[PDB]
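Presented below is the structure to which this report refers.
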Amino acid sequence: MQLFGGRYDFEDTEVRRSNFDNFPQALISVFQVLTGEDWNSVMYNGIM
Amino acid sequence: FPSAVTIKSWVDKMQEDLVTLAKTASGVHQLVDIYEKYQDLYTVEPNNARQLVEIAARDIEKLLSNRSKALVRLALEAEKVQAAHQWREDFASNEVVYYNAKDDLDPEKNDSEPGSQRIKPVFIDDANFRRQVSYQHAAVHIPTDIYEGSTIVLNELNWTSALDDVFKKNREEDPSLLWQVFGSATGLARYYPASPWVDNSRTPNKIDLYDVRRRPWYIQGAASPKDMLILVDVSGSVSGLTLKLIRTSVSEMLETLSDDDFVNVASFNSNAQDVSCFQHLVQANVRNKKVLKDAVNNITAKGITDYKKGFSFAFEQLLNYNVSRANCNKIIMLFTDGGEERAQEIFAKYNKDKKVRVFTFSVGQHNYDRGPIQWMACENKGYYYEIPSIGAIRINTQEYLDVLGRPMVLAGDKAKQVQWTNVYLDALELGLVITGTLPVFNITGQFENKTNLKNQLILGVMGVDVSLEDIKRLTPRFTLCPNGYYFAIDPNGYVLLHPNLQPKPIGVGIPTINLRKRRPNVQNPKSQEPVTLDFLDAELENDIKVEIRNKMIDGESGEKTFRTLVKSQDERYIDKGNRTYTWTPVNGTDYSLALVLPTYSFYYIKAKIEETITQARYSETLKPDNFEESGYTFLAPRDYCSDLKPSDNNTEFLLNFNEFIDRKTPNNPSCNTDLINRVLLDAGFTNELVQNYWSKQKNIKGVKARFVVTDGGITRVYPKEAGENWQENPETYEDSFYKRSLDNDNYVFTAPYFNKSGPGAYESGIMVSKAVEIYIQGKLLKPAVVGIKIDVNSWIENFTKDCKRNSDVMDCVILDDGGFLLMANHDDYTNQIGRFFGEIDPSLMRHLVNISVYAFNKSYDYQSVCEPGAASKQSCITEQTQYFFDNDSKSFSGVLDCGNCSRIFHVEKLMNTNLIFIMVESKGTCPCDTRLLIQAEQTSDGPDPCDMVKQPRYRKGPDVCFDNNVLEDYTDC
Ligand SMILES: *[C@@H]1O[C@H](CO)[C@@H](O[C@@H]2O[C@H](CO)[C@@H](O[C@@H]3O[C@H](CO)[C@@H](O)[C@H](O)[C@H]3NC(C)=O)[C@H](O)[C@H]2NC(C)=O)[C@H](O)[C@H]1NC(C)=O
Ligand SMILES: *[C@@H]1O[C@H](CO)[C@@H](O[C@@H]2O[C@H](CO)[C@@H](O[C@@H]3O[C@H](CO)[C@@H](O)[C@H](O)[C@@H]3O)[C@H](O)[C@H]2NC(C)=O)[C@H](O)[C@H]1NC(C)=O
Ligand SMILES: *[C@@H]1O[C@H](CO)[C@@H](O[C@@H]2O[C@H](CO)[C@@H](O[C@@H]3O[C@H](CO)[C@@H](O)[C@H](O)[C@@H]3O)[C@H](O)[C@H]2NC(C)=O)[C@H](O)[C@H]1NC(C)=O
Ligand SMILES: *[C@@H]1O[C@H](CO)[C@@H](O[C@@H]2O[C@H](CO)[C@@H](O)[C@H](O)[C@H]2NC(C)=O)[C@H](O)[C@H]1NC(C)=O
Ligand SMILES: *[C@@H]1O[C@H](CO)[C@@H](O[C@@H]2O[C@H](CO)[C@@H](O)[C@H](O)[C@H]2NC(C)=O)[C@H](O)[C@H]1NC(C)=O
Ligand SMILES: *[C@@H]1O[C@H](CO)[C@@H](O[C@@H]2O[C@H](CO)[C@@H](O)[C@H](O)[C@H]2NC(C)=O)[C@H](O)[C@H]1NC(C)=O
Ligand SMILES: *[C@@H]1O[C@H](CO)[C@@H](O)[C@H](O)[C@H]1NC(C)=O
Ligand SMILES: *[C@@H]1O[C@H](CO)[C@@H](O)[C@H](O)[C@H]1NC(C)=O
Ligand SMILES: *[C@@H]1O[C@H](CO)[C@@H](O)[C@H](O)[C@H]1NC(C)=O
Ligand SMILES: *[C@@H]1O[C@H](CO)[C@@H](O)[C@H](O)[C@H]1NC(C)=O
Ligand SMILES: *[C@@H]1O[C@H](CO)[C@@H](O)[C@H](O)[C@H]1NC(C)=O
Ligand SMILES: *[C@@H]1O[C@H](CO)[C@@H](O)[C@H](O)[C@H]1NC(C)=O
Ligand SMILES: *[C@@H]1O[C@H](CO)[C@@H](O)[C@H](O)[C@H]1NC(C)=O
Ligand SMILES: [Ca+2]
Ligand SMILES: [Ca+2]
């Protein structure tokens, strides 16, 4: 939330559900990264 | 340097040589005599300027009465028929039979859509419609993203199917009536006569974006003018997708505004400011809307939201009254995402009386609270909208007109006033049209006052198209010289009628394209803007013209004679001309009509040839078989009558005219007798001139071609071989040299076009023309203009015989008024004849302009074809420079300098012509050259838009408009 919260403001129409905008969504994203499924997409979103 | 005496002698001898050549070869005196010799085959009739404008205004008003009577009929029938609808939801058993436009015409389509049945029309080809139409029914257009066959659409189709009878009745009552359309509030458009859509949905690669609710006629008929303020949230939270969505939404919302609305775009993030250089409401025309769009596409998101400051800014902007406004619909159109502050105290302080509406938009996908903006919406009599994606923009930025129409509906029959739009290009490729509109009200349970729930909204807008060619048919121009003309203006400055109005769209700024980001198969939108050209932008602007336009805007009638500057048909010369403007108001509407007449065109010629053999011989004079005896003949493609059509090919049109005149007697039971008689008289007089004078001297040294162009549509060029070199328009009224000769009272030299495909330099010659003036009972008339194509080689032999061929000591050139080179002395400049002299010797030209021998002014052409820049052809603005003589002195002697350099010059104006002779020290003596002086169409972007808003042109708004009805419900957001 500190690092990526409110920073996914991309000027495109792509949908990025796995973000860190609030606590439940950040918790879901962290759980998804722990499961290892599509974590690289989250990393790419954080890098961009 | 030679003394002034010898230069004066040389220029004198040259001028008498040229004048004698032109006078003795063209034959002005012989033509004048043969016009005066007969004096009985024709009569001189006055052009009563005061009366003609009155008849034309009455004709225009009565045509608009035609069109208005057909609108009230349709509106009443639509109201009555929809008042008796049942609103069923079972259409499978009872199919709805209609002809859908933009569908394949193949008989094997077999759509068989549930609840609908299609119609296959015959589609005969008919005139007054440049396409194939069917009068057996009406066509229906439905937007591509709107599903046909839904309950709402299918219910509209039957109750609108009763409009076909009234469509047919209106057509049969007035056969010359164009499109009749009903644009529904559900998106449908039912128009008559039936015709396939210009751009079908997806049968080819191209697609159409046509929603009837966004058309200017529908928008003007759906609500009253507005004082709009777009408030944009640029705080930090709107960063990302919602910011681009807001930008697109604001551009689309600006696209819904017309010239009678006033808009300004503000922006707030913990501080409120303006997005552009306007600082107050502006007229919201094409230029101002372009500026606002450019400013909106340039904003960024940063800061903390503060609704109080933004709303305070919006209310202070709406409370200005220091500037021109509409004073009708004060609305704040707030684009945002979501918040937690509703700013009740600001609304209590500024909008206690609820005189200002608020429409709120929540844009994008976000988790922010939407309650406060809904409260803002349906607390201040406004509305609330959600725009989650691009595809939801267009529909959601046009529904605010439904709310604005509630007071108009509640006003009742007082709100059914026929309105007319600006000039715009028809969507069905018909040209420039104006549409008369009339709203249609939903009256269900009106006699009992039962529901009154959806009856506050309109069913749609009825419209009838009127083509500008229909209006031009009520203002004939062939009884006046090619210099006079009609023109009509709005109470807004825009011209409904003008010779300089063209079907091209109005350009704004420099056209910049980026072809590196355009896919080949994306089908970008083309345009939807109207052709709004101001009166002052259609002609050269004086101070007298401004006051004339102001006096004629606010419904006044009068006349004014003065002296003005007139630009030529080719944007190269400017003449000083006597003019008289006579203007009157059209009683039924807000248009004002004026007639422009020069002093010499107060009388015209009416032919009195009545007996047979004279007309027969005058008719056989113009036949190709004896052109060798009477020179190549050109005939103006005028509407002599509807049997023969203009062809744009002069040979075939002349053959058709000749065979039509031979086939039936000139009694003309159903053809314009005046035009034909005038043409025959002109042909006879011109043939007499050619046979009696020109044929006597079969070939003479100096000339290449001798031509005569007369008022009536006869052009004759004596050498047939020179006929192929004749590139002039066969229509006399569209010849630049003809009008230039009419304006001037001397011989006029026309510079050939330089560096263009076609023989125009040596094979043709230099054109010199003079107008024929006659006096019958002391009344001046200018019926014809004669002219000569002087050979370049013989003129060179005249010229050389210090000015010697390829001399390295002197420069000897001849220019015309306008600074175009006709002859030089070095045979090097002679290769470029007709080039602007400021482009080969810019220093001397600049100094000549400085010493006030060549005046110039610049104008803006707002409809120009333009090669797109980098940042095939688009529309933009160009700047045109025109040069002319201002100071009446004859000889100017001086010396130009360049920095430790000096060149002596002497220029002399030739008598009885428009020519100047220049002798100067050679340009190669000292190498001084700063920049080229270009006289050409220069693509531009000015004038500065937010400098014209500080002092704008005079304007009149609509007198009556509807707002703030106490019976309004407004319980919907
Ligand atoms: C510049 O070129 C001109 C043509 O290219 C020359 O113009 C011709 O000059 C002739 C002699 O001056 C004229 O001849 C006489 O002209 C008048 C006309 O009626 C009369 O004096 C005589 O009838 C006639 N002589 C004849 C016919 O033998 C030509 O008429 C005249 N051309 C035209 C069309 O009028 C200029 O001479 C020439 N300039 C110089 C300096 O040579
Ligand atoms: C929309 O569709 C409906 C149904 O197709 C139309 O209603 C139909 O109207 C016709 C003529 O008005 C009716 O025909 C008449 O039927 C009566 C018997 O009911 C008969 O005695 C008459 O001689 C005549 O044939 C038809 O019955 C009626 N259908 C239904 C289901 O009511 C409706 O008119 C259409 N909308 C508009 C605006 O016309
Ligand atoms: C003009 O206004 C009238 C009412 O003032 C509109 O008629 C009303 O239309 C609505 C739907 O738009 C009807 O509601 C529907 O009723 C059916 C039952 O018949 C129901 O099954 C639907 O779910 C829906 O609720 C309403 O009954 C109807 N009222 C009357 C008195 O006809 C009319 O639609 C308006 N005109 C246009 C072009 O919209
Ligand atoms: C334009 O609006 C301004 C408001 O800023 C008006 O200026 C005020 O006018 C009142 C009335 O005379 C004065 O009492 C104030 O002192 C003025 N304020 C300022 C800052 O000048 C102005 O009158 C309006 N009209 C014009 C033509 O400027
Ligand atoms: C309709 O237009 C005509 C223009 O011919 C107006 O007629 C003139 O109106 C003025 C002012 O009312 C009078 O002084 C003239 O005497 C009228 N001329 C004639 C020949 O009648 C007429 O007024 C217009 N209609 C209305 C209702 O104003
Ligand atoms: C068109 O050219 C004329 C030149 O005659 C310009 O008229 C002059 O304008 C200057 C500049 O203001 C004045 O000082 C002169 O007094 C004007 N002369 C006359 C005779 O009126 C005119 O301004 C030009 N038109 C435009 C639109 O610039
Ligand atoms: C207006 O309508 C009437 C009646 O149909 C017709 O006689 C008249 O010619 C129309 N006006 C014009 C300008 O066509
Ligand atoms: C507007 O756009 C121009 C680019 O043409 C840019 O230079 C300018 O900074 C922009 N304005 C703002 C306020 O960012
Ligand atoms: C134009 O007006 C002036 C001034 O009244 C007059 O002298 C002249 O004859 C008129 N016609 C012209 C210049 O053709
Ligand atoms: C105009 O002249 C220049 C050089 O004099 C030449 O390069 C150019 O092609 C010419 N324009 C046309 C249209 O031929
Ligand atoms: C051009 O004309 C202006 C007119 O005020 C004058 O001041 C200036 O000196 C002139 N240019 C030159 C080079 O003399
Ligand atoms: C033309 O110029 C001369 C000298 O420059 C001057 O005396 C004369 O008044 C001018 N004529 C005008 C301005 O009409
Ligand atoms: C004018 O002065 C410059 C600088 O002193 C010099 O280079 C140039 O040659 C001079 N011009 C002539 C014609 O001598
Ligand atoms: Ca995986
Ligand atoms: Ca915010």
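Chains: A, B, ... in order of the structure tokens. Residues: from 1 per chain. Ligands: from 1, in order shown.
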
**Message:** Using only C-alpha atoms and all ligand atoms, which residues of the polymer chains come no farther than 10 Å from ligand 11? I'd like the answer as number ranges by chain.
**Reply:** B: 846-852, 896-898

Can you spit out the residues from that selection as a PDB file, in the first residue's frame, using N, CA and C atoms?
ATOM      1  N   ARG B 846      10.438  45.891 -51.764  1.00  0.00           N
ATOM      2  CA  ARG B 846      10.235  46.361 -50.398  1.00  0.00           C
ATOM      3  C   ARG B 846      10.409  47.869 -50.302  1.00  0.00           C
ATOM      4  N   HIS B 847      11.428  48.413 -50.971  1.00  0.00           N
ATOM      5  CA  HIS B 847      11.616  49.860 -50.935  1.00  0.00           C
ATOM      6  C   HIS B 847      10.475  50.584 -51.640  1.00  0.00           C
ATOM      7  N   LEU B 848       9.961  50.009 -52.731  1.00  0.00           N
ATOM      8  CA  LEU B 848       8.820  50.603 -53.420  1.00  0.00           C
ATOM      9  C   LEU B 848       7.588  50.622 -52.526  1.00  0.00           C
ATOM     10  N   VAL B 849       7.362  49.543 -51.777  1.00  0.00           N
ATOM     11  CA  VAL B 849       6.273  49.538 -50.804  1.00  0.00           C
ATOM     12  C   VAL B 849       6.512  50.600 -49.738  1.00  0.00           C
ATOM     13  N   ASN B 850       7.769  50.774 -49.321  1.00  0.00           N
ATOM     14  CA  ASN B 850       8.075  51.750 -48.277  1.00  0.00           C
ATOM     15  C   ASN B 850       7.790  53.177 -48.735  1.00  0.00           C
ATOM     16  N   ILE B 851       8.094  53.498 -49.993  1.00  0.00           N
ATOM     17  CA  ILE B 851       7.963  54.866 -50.482  1.00  0.00           C
ATOM     18  C   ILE B 851       6.527  55.125 -50.918  1.00  0.00           C
ATOM     19  N   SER B 852       5.633  54.188 -50.598  1.00  0.00           N
ATOM     20  CA  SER B 852       4.190  54.353 -50.789  1.00  0.00           C
ATOM     21  C   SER B 852       3.821  54.500 -52.264  1.00  0.00           C
ATOM     22  N   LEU B 896      17.862  53.175 -53.657  1.00  0.00           N
ATOM     23  CA  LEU B 896      17.806  52.175 -52.603  1.00  0.00           C
ATOM     24  C   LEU B 896      19.205  51.882 -52.091  1.00  0.00           C
ATOM     25  N   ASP B 897      19.315  51.540 -50.814  1.00  0.00           N
ATOM     26  CA  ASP B 897      20.617  51.234 -50.234  1.00  0.00           C
ATOM     27  C   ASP B 897      20.630  49.856 -49.594  1.00  0.00           C
ATOM     28  N   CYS B 898      21.804  49.381 -49.192  1.00  0.00           N
ATOM     29  CA  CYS B 898      21.921  48.035 -48.642  1.00  0.00           C
ATOM     30  C   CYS B 898      23.034  47.917 -47.609  1.00  0.00           C
TER      31      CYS B 898
END

**Asked** Which residues come within 12 Å of residue 422 (chain B), counting only C-alpha atoms, excluding same-chain residues fewer than 3 positions away, as a ChimeraX atom specification?
**Response** /B:215-217,220,258-260,285,419,425-426,432-437,465-468,489-497,529-534,590-591

Mind writing the picked residues with N, CA, C and O atoms as a compact mmCIF listing (two decimals), in the first residue's frame?
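Dumped everything to out-v5.txt:
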# COMPACT_ATOMS: atom_id res chain seq x y z
N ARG B 215 -27.28 16.38 -33.82
CA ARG B 215 -27.32 17.27 -34.96
C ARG B 215 -27.68 18.68 -34.52
O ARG B 215 -28.45 18.87 -33.58
N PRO B 216 -27.11 19.70 -35.18
CA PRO B 216 -27.39 21.08 -34.76
C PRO B 216 -28.87 21.45 -34.80
O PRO B 216 -29.34 22.18 -33.91
N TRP B 217 -29.61 20.97 -35.80
CA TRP B 217 -31.03 21.31 -35.86
C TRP B 217 -31.80 20.68 -34.71
O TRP B 217 -32.63 21.35 -34.08
N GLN B 220 -30.87 22.61 -31.47
CA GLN B 220 -31.50 23.92 -31.37
C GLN B 220 -33.01 23.81 -31.17
O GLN B 220 -33.61 24.69 -30.56
N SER B 258 -23.62 25.46 -29.84
CA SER B 258 -23.77 26.22 -31.07
C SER B 258 -23.37 27.68 -30.83
O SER B 258 -22.86 28.04 -29.77
N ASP B 259 -23.61 28.51 -31.84
CA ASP B 259 -23.20 29.91 -31.79
C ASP B 259 -24.08 30.76 -30.88
O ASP B 259 -23.70 31.89 -30.57
N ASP B 260 -25.24 30.26 -30.47
CA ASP B 260 -26.12 30.99 -29.56
C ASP B 260 -25.88 30.64 -28.10
O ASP B 260 -26.52 31.23 -27.22
N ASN B 285 -18.09 29.60 -30.76
CA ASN B 285 -18.07 29.29 -32.18
C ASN B 285 -16.95 28.29 -32.44
O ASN B 285 -16.38 27.71 -31.51
N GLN B 419 -37.75 27.54 -35.90
CA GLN B 419 -36.41 28.10 -35.87
C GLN B 419 -35.61 27.55 -37.05
O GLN B 419 -35.86 26.45 -37.53
N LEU B 425 -23.45 21.44 -44.05
CA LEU B 425 -23.46 20.47 -45.14
C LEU B 425 -24.39 19.32 -44.79
O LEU B 425 -24.31 18.75 -43.70
N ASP B 426 -25.26 18.97 -45.73
CA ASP B 426 -26.23 17.90 -45.50
C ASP B 426 -25.52 16.57 -45.30
O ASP B 426 -24.50 16.28 -45.95
N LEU B 432 -25.10 22.66 -49.23
CA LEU B 432 -25.33 23.57 -48.11
C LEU B 432 -26.83 23.76 -47.92
O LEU B 432 -27.53 24.15 -48.86
N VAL B 433 -27.32 23.50 -46.71
CA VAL B 433 -28.74 23.58 -46.40
C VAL B 433 -28.93 24.27 -45.06
O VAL B 433 -28.02 24.33 -44.23
N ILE B 434 -30.13 24.79 -44.86
CA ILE B 434 -30.61 25.24 -43.56
C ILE B 434 -31.88 24.45 -43.24
O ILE B 434 -32.69 24.19 -44.14
N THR B 435 -32.04 24.08 -41.98
CA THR B 435 -33.16 23.25 -41.55
C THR B 435 -34.06 24.03 -40.61
O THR B 435 -33.57 24.67 -39.67
N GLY B 436 -35.36 24.00 -40.88
CA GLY B 436 -36.34 24.55 -39.97
C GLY B 436 -36.83 23.48 -39.02
O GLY B 436 -37.14 22.36 -39.45
N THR B 437 -36.89 23.81 -37.74
CA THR B 437 -37.18 22.83 -36.70
C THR B 437 -38.46 23.18 -35.96
O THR B 437 -38.92 24.32 -35.95
N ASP B 465 -35.47 20.46 -44.64
CA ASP B 465 -34.25 21.02 -45.19
C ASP B 465 -34.56 21.98 -46.33
O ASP B 465 -35.44 21.71 -47.16
N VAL B 466 -33.85 23.10 -46.36
CA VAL B 466 -33.93 24.07 -47.45
C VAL B 466 -32.53 24.28 -47.99
O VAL B 466 -31.62 24.66 -47.24
N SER B 467 -32.34 24.03 -49.28
CA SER B 467 -31.03 24.16 -49.89
C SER B 467 -30.75 25.62 -50.24
O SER B 467 -31.65 26.39 -50.58
N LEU B 468 -29.47 25.99 -50.16
CA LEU B 468 -29.07 27.35 -50.52
C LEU B 468 -29.25 27.62 -52.00
O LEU B 468 -29.31 28.79 -52.40
N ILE B 489 -27.65 37.90 -44.20
CA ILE B 489 -26.94 37.60 -42.97
C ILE B 489 -27.94 37.33 -41.85
O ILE B 489 -29.09 37.76 -41.88
N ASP B 490 -27.46 36.61 -40.84
CA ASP B 490 -28.21 36.28 -39.64
C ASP B 490 -28.21 37.49 -38.71
O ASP B 490 -27.58 38.51 -38.99
N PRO B 491 -28.91 37.41 -37.57
CA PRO B 491 -28.62 38.37 -36.49
C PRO B 491 -27.45 37.88 -35.66
O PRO B 491 -27.45 37.98 -34.43
N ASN B 492 -26.44 37.35 -36.35
CA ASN B 492 -25.24 36.85 -35.71
C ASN B 492 -23.98 37.18 -36.50
O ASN B 492 -22.88 36.86 -36.04
N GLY B 493 -24.11 37.81 -37.67
CA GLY B 493 -23.00 38.15 -38.52
C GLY B 493 -22.70 37.14 -39.61
O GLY B 493 -22.05 37.50 -40.59
N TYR B 494 -23.17 35.91 -39.46
CA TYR B 494 -22.90 34.87 -40.44
C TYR B 494 -23.78 35.06 -41.67
O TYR B 494 -24.93 35.48 -41.58
N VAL B 495 -23.22 34.74 -42.83
CA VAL B 495 -23.89 34.95 -44.11
C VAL B 495 -24.70 33.70 -44.46
O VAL B 495 -24.15 32.60 -44.53
N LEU B 496 -26.00 33.89 -44.67
CA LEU B 496 -26.82 32.86 -45.29
C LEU B 496 -26.60 32.79 -46.79
O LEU B 496 -26.75 31.72 -47.39
N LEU B 497 -26.21 33.91 -47.41
CA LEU B 497 -26.04 34.00 -48.85
C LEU B 497 -24.87 34.93 -49.13
O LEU B 497 -24.80 36.02 -48.55
N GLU B 529 -19.21 20.15 -37.95
CA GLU B 529 -19.33 21.58 -37.73
C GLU B 529 -20.11 22.25 -38.87
O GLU B 529 -20.13 21.75 -39.99
N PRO B 530 -20.77 23.37 -38.59
CA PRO B 530 -21.45 24.12 -39.64
C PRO B 530 -20.53 25.11 -40.33
O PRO B 530 -19.44 25.43 -39.86
N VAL B 531 -20.99 25.59 -41.49
CA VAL B 531 -20.24 26.56 -42.29
C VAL B 531 -20.69 27.94 -41.82
O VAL B 531 -21.58 28.56 -42.41
N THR B 532 -20.07 28.43 -40.76
CA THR B 532 -20.40 29.74 -40.19
C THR B 532 -19.30 30.72 -40.58
O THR B 532 -18.26 30.81 -39.92
N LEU B 533 -19.53 31.45 -41.66
CA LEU B 533 -18.60 32.45 -42.16
C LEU B 533 -19.19 33.83 -41.90
O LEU B 533 -20.28 34.14 -42.39
N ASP B 534 -18.47 34.65 -41.14
CA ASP B 534 -18.95 35.99 -40.83
C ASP B 534 -18.97 36.86 -42.08
O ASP B 534 -18.25 36.62 -43.05
N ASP B 590 -35.44 36.37 -38.83
CA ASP B 590 -34.42 37.28 -38.34
C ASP B 590 -33.32 37.54 -39.36
O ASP B 590 -32.34 38.22 -39.05
N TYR B 591 -33.47 37.01 -40.58
CA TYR B 591 -32.49 37.27 -41.63
C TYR B 591 -32.62 38.71 -42.13
O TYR B 591 -33.66 39.35 -42.02

**Request:** Would you work out the distance separating CA of residue 442 (chain B) from CA of residue 959 (chain B), expressed in Å to one decimal?
**Result:**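 Between CA of residue 442 (chain B) and CA of residue 959 (chain B) the gap works out to 25.5 Å.
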
As a compact mmCIF listing (two decimals) with N, CA, C and O atoms, in the first residue's frame, please: every protein or nucleic acid residue near ligand 2 (cut-off 10 Å, counting only C-alpha atoms and all ligand atoms).
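pocket_33.txt, written as the output of this step:
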# COMPACT_ATOMS: atom_id res chain seq x y z
N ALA B 78 -47.97 14.06 -35.51
CA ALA B 78 -47.16 13.21 -34.64
C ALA B 78 -47.71 13.21 -33.22
O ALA B 78 -47.81 12.16 -32.58
N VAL B 81 -51.01 11.16 -33.19
CA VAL B 81 -50.83 9.72 -33.39
C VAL B 81 -50.17 9.09 -32.18
O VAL B 81 -50.57 8.01 -31.73
N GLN B 82 -49.14 9.73 -31.62
CA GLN B 82 -48.48 9.16 -30.46
C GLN B 82 -49.38 9.20 -29.23
O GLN B 82 -49.25 8.35 -28.34
N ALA B 84 -52.28 8.29 -29.08
CA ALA B 84 -53.19 7.16 -29.16
C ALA B 84 -52.45 5.82 -29.24
O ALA B 84 -53.06 4.82 -29.62
N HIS B 85 -51.17 5.79 -28.90
CA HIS B 85 -50.42 4.54 -28.91
C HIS B 85 -50.74 3.72 -27.67
O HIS B 85 -51.17 4.24 -26.63
N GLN B 86 -50.53 2.40 -27.78
CA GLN B 86 -50.91 1.48 -26.72
C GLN B 86 -49.74 0.91 -25.93
O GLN B 86 -49.95 0.40 -24.83
N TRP B 87 -48.52 0.97 -26.47
CA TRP B 87 -47.32 0.44 -25.82
C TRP B 87 -47.46 -1.05 -25.52
O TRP B 87 -47.55 -1.49 -24.38
N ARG B 88 -47.51 -1.83 -26.60
CA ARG B 88 -47.46 -3.27 -26.47
C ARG B 88 -46.02 -3.77 -26.44
O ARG B 88 -45.09 -3.07 -26.86
N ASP B 90 -45.55 -7.21 -27.48
CA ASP B 90 -45.66 -8.45 -28.24
C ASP B 90 -45.66 -8.08 -29.72
O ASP B 90 -46.71 -7.85 -30.32
N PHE B 91 -44.46 -8.01 -30.31
CA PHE B 91 -44.31 -7.63 -31.71
C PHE B 91 -44.08 -8.82 -32.63
O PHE B 91 -44.13 -8.65 -33.86
N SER B 93 -46.06 -11.48 -33.04
CA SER B 93 -47.32 -11.79 -33.71
C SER B 93 -47.70 -10.70 -34.71
O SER B 93 -48.16 -11.00 -35.82
N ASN B 94 -47.51 -9.44 -34.34
CA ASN B 94 -47.83 -8.30 -35.19
C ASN B 94 -46.52 -7.64 -35.59
O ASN B 94 -46.00 -6.77 -34.88
N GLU B 95 -45.98 -8.06 -36.73
CA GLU B 95 -44.70 -7.54 -37.20
C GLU B 95 -44.81 -6.05 -37.54
O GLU B 95 -45.87 -5.56 -37.92
N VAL B 96 -43.70 -5.35 -37.38
CA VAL B 96 -43.59 -3.94 -37.73
C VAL B 96 -42.89 -3.85 -39.08
O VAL B 96 -41.73 -4.24 -39.21
N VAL B 97 -43.59 -3.35 -40.09
CA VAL B 97 -43.09 -3.32 -41.46
C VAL B 97 -42.50 -1.94 -41.72
O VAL B 97 -43.20 -0.93 -41.61
N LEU B 154 -39.05 -0.64 -31.30
CA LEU B 154 -40.18 -1.21 -32.04
C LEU B 154 -41.47 -0.45 -31.76
O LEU B 154 -42.31 -0.32 -32.66
N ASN B 155 -41.66 0.03 -30.54
CA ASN B 155 -42.84 0.84 -30.24
C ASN B 155 -42.82 2.16 -30.99
O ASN B 155 -43.87 2.63 -31.43
N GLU B 156 -41.64 2.76 -31.16
CA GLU B 156 -41.53 4.00 -31.91
C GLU B 156 -41.90 3.80 -33.38
O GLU B 156 -42.48 4.70 -34.00
N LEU B 157 -41.56 2.64 -33.94
CA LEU B 157 -41.71 2.44 -35.38
C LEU B 157 -43.16 2.50 -35.84
O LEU B 157 -43.45 3.16 -36.84
N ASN B 158 -44.09 1.85 -35.13
CA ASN B 158 -45.47 1.91 -35.63
C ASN B 158 -46.07 3.30 -35.47
O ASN B 158 -46.61 3.85 -36.44
N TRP B 159 -45.97 3.91 -34.29
CA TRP B 159 -46.59 5.22 -34.14
C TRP B 159 -45.92 6.27 -35.02
O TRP B 159 -46.56 7.26 -35.37
N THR B 160 -44.66 6.05 -35.42
CA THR B 160 -44.05 6.92 -36.41
C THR B 160 -44.42 6.53 -37.84
O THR B 160 -44.22 7.34 -38.75
N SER B 161 -44.94 5.32 -38.05
CA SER B 161 -45.35 4.91 -39.39
C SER B 161 -46.55 5.69 -39.91
O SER B 161 -46.84 5.60 -41.11
N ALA B 162 -47.25 6.43 -39.06
CA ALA B 162 -48.35 7.27 -39.51
C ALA B 162 -47.88 8.59 -40.10
O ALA B 162 -48.69 9.32 -40.67
N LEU B 163 -46.59 8.91 -39.98
CA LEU B 163 -46.06 10.15 -40.53
C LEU B 163 -45.90 10.08 -42.05
O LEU B 163 -45.73 11.13 -42.68

**Request:** Residues within 9 Å of ligand 10 should be enumerated using only C-alpha atoms and all ligand atoms and returned as number ranges by chain.
**Result:** B: 754-757, 832

**Request:** Enumerate residues in contact with ligand 15: an atom-to-atom distance of at most 12 Å, counting only C-alpha atoms and all ligand atoms. Format the result as a VMD selection string.
**Result:** (chain A and resid 6) or (chain B and resid 232 to 239 242 to 243 268 to 270 301 to 307 335 to 341 362 to 363 366 to 370)

**Item:** Environment of ligand 12 within 10 Å, counting only C-alpha atoms and all ligand atoms, reported as a PyMOL selection string
**Value:** chain B and resi 851-853+886-892

**Prompt:** If we count only C-alpha atoms, which residues of chain A reach to within 12 Å of chain B? Please list them as a PyMOL selection string.
**Reply:** chain A and resi 5-17+21-22+25
